[PDB]
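Novice: One structure, pasted below without further comment.
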Amino acid sequence: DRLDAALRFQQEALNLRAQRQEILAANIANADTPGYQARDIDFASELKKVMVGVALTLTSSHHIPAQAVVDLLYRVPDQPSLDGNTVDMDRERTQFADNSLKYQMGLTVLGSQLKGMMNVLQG
Amino acid sequence: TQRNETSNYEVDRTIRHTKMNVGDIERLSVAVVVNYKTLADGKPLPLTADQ
């Protein structure tokens, strides 16, 4: 559908921001686990990958339709801890706040596009 | 381990429509009686098992 193509980029950006938000909050929650590595995703490359499948064929009514079913990069440690935990509070707190801001911005842009498509139709 | 398998099949199909004939035979029973054998003398000699 053409409607999907217009809203594909913002939807994928919003979903990627939510996933990275979950990853950052997991990094915050597991700050005290000894031996836990701080993981993160490269937002731009994954957004390229998602932006850049074959529903199985249903011959009749009984035939069952096809059933549907990111890469994590390690953060470079800054300070060496003794328990092997590489999670840094300041870095991930700033990243968490930034991801929240960008999620809000994506919501704003997507809502503006939908509202414009709506006022085009209203009449 | 996780295996999710979905398969759609096409099957052979045979429809047979039959209208039985009216007047067919269900059960036949037959009674046959034979005579004896009267020779030139005239004695009614019975038949044999083979015959």
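FYI, nothing fancy with the structure tokens labels: chains A, B, ... in order, residues from 1 per chain, ligands from 1 as they appear.
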Please identify all residues of chain A having at least one atom at most 12 Å from any atom of chain B, considering only C-alpha atoms, and return them as number ranges by chain.
Specialist: A: 55-69
Novice: Apply DSSP to the structure's backbone, then extract all residues of chain B labelled strand (DSSP E or B) and return them as an MDAnalysis selection string.
Specialist: chainID B and resid 37:38 44:45
Novice: Can I get the selected residues back with N, CA, C and O atoms, as an mmCIF file, in the first residue's frame?
Specialist:
data_model
loop_
_atom_site.group_PDB
_atom_site.id
_atom_site.type_symbol
_atom_site.label_atom_id
_atom_site.label_comp_id
_atom_site.auth_asym_id
_atom_site.auth_seq_id
_atom_site.Cartn_x
_atom_site.Cartn_y
_atom_site.Cartn_z
ATOM 1 N N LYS B 37 -35.494 -92.644 -16.149
ATOM 2 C CA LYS B 37 -35.134 -93.148 -17.471
ATOM 3 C C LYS B 37 -35.822 -94.487 -17.689
ATOM 4 O O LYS B 37 -35.498 -95.474 -17.022
ATOM 5 N N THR B 38 -36.770 -94.517 -18.622
ATOM 6 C CA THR B 38 -37.481 -95.743 -18.984
ATOM 7 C C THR B 38 -36.799 -96.338 -20.211
ATOM 8 O O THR B 38 -36.839 -95.761 -21.300
ATOM 9 N N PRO B 44 -38.472 -97.734 -15.054
ATOM 10 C CA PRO B 44 -38.008 -96.365 -14.782
ATOM 11 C C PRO B 44 -36.710 -96.337 -13.992
ATOM 12 O O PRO B 44 -36.724 -96.202 -12.763
ATOM 13 N N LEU B 45 -35.586 -96.468 -14.684
ATOM 14 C CA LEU B 45 -34.287 -96.473 -14.020
ATOM 15 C C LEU B 45 -33.900 -95.055 -13.611
ATOM 16 O O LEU B 45 -33.887 -94.155 -14.455
#
Novice: Return as a VMD selection string the full set of residues in chain A whose backbone-based DSSP assignment is alpha helix (DSSP H).
Specialist: chain A and resid 2 to 29 43 to 51 89 to 121
Novice: Could you please determine the separation between atom CA of residue 19 of chain A and atom CA of residue 43 of chain A in Å, to one decimal place?
Specialist: 9.9 Å
Novice: Would you mind listing what lies within 8 Å of segment 8-14 of chain A as JSON, numbers by chain, with only C-alpha atoms counted and same-chain residues fewer than 6 positions away left out?
Specialist: {"A": [47, 50, 51, 103, 106, 107, 109, 110]}
Novice: Determine, counting only C-alpha atoms, which protein, DNA and RNA residues have an atom within 12 Å of an atom of residue 91 of chain A; residues of the same chain fewer than 4 positions away are not included. Present the result as a list in words.
Specialist: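 Contacts, with the query itself left out: residues 24, 27, 28, 38, 40, 75, 76, 77, 78, 79, 86, 87, 95, 96, 97 and 98 of chain A.
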Novice: Output N, CA and C atoms for every residue in the selection just made, as a PDB file, in the first residue's frame.
Specialist:
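Okay, again21.pdb is ready:
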ATOM      1  N   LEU A  24      18.662   0.054  26.657  1.00  0.00           N
ATOM      2  CA  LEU A  24      19.308   0.950  27.612  1.00  0.00           C
ATOM      3  C   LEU A  24      18.764   0.754  29.021  1.00  0.00           C
ATOM      4  N   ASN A  27      20.331  -2.243  30.408  1.00  0.00           N
ATOM      5  CA  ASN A  27      21.670  -1.904  30.878  1.00  0.00           C
ATOM      6  C   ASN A  27      21.630  -1.226  32.242  1.00  0.00           C
ATOM      7  N   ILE A  28      20.667  -0.327  32.454  1.00  0.00           N
ATOM      8  CA  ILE A  28      20.535   0.331  33.751  1.00  0.00           C
ATOM      9  C   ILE A  28      20.164  -0.674  34.838  1.00  0.00           C
ATOM     10  N   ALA A  38      27.722  -4.210  28.879  1.00  0.00           N
ATOM     11  CA  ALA A  38      26.751  -3.222  28.433  1.00  0.00           C
ATOM     12  C   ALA A  38      26.590  -3.302  26.922  1.00  0.00           C
ATOM     13  N   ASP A  40      24.432  -2.400  23.218  1.00  0.00           N
ATOM     14  CA  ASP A  40      23.722  -1.318  22.555  1.00  0.00           C
ATOM     15  C   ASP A  40      23.662  -1.626  21.066  1.00  0.00           C
ATOM     16  N   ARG A  75      29.332  -2.133  24.283  1.00  0.00           N
ATOM     17  CA  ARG A  75      29.808  -0.786  24.552  1.00  0.00           C
ATOM     18  C   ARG A  75      31.268  -0.819  24.980  1.00  0.00           C
ATOM     19  N   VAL A  76      32.047   0.129  24.474  1.00  0.00           N
ATOM     20  CA  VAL A  76      33.460   0.207  24.855  1.00  0.00           C
ATOM     21  C   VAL A  76      33.557   0.664  26.306  1.00  0.00           C
ATOM     22  N   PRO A  77      34.153  -0.125  27.197  1.00  0.00           N
ATOM     23  CA  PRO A  77      34.227   0.280  28.603  1.00  0.00           C
ATOM     24  C   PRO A  77      35.109   1.502  28.793  1.00  0.00           C
ATOM     25  N   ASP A  78      34.749   2.311  29.788  1.00  0.00           N
ATOM     26  CA  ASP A  78      35.510   3.510  30.114  1.00  0.00           C
ATOM     27  C   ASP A  78      36.398   3.266  31.326  1.00  0.00           C
ATOM     28  N   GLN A  79      35.800   2.826  32.429  1.00  0.00           N
ATOM     29  CA  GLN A  79      36.582   2.552  33.623  1.00  0.00           C
ATOM     30  C   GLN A  79      36.587   1.059  33.926  1.00  0.00           C
ATOM     31  N   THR A  86      30.820  -3.447  33.049  1.00  0.00           N
ATOM     32  CA  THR A  86      31.257  -2.319  32.241  1.00  0.00           C
ATOM     33  C   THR A  86      30.181  -1.256  32.062  1.00  0.00           C
ATOM     34  N   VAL A  87      29.076  -1.339  32.798  1.00  0.00           N
ATOM     35  CA  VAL A  87      27.998  -0.365  32.651  1.00  0.00           C
ATOM     36  C   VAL A  87      28.416   0.922  33.356  1.00  0.00           C
ATOM     37  N   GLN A  95      22.291   8.729  27.318  1.00  0.00           N
ATOM     38  CA  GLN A  95      21.714   8.038  26.169  1.00  0.00           C
ATOM     39  C   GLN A  95      20.230   7.751  26.375  1.00  0.00           C
ATOM     40  N   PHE A  96      19.844   7.388  27.598  1.00  0.00           N
ATOM     41  CA  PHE A  96      18.444   7.136  27.921  1.00  0.00           C
ATOM     42  C   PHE A  96      17.603   8.392  27.753  1.00  0.00           C
ATOM     43  N   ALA A  97      18.081   9.522  28.282  1.00  0.00           N
ATOM     44  CA  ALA A  97      17.350  10.774  28.112  1.00  0.00           C
ATOM     45  C   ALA A  97      17.247  11.161  26.640  1.00  0.00           C
ATOM     46  N   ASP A  98      18.339  10.994  25.890  1.00  0.00           N
ATOM     47  CA  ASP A  98      18.317  11.317  24.466  1.00  0.00           C
ATOM     48  C   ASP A  98      17.334  10.433  23.709  1.00  0.00           C
TER      49      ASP A  98
END
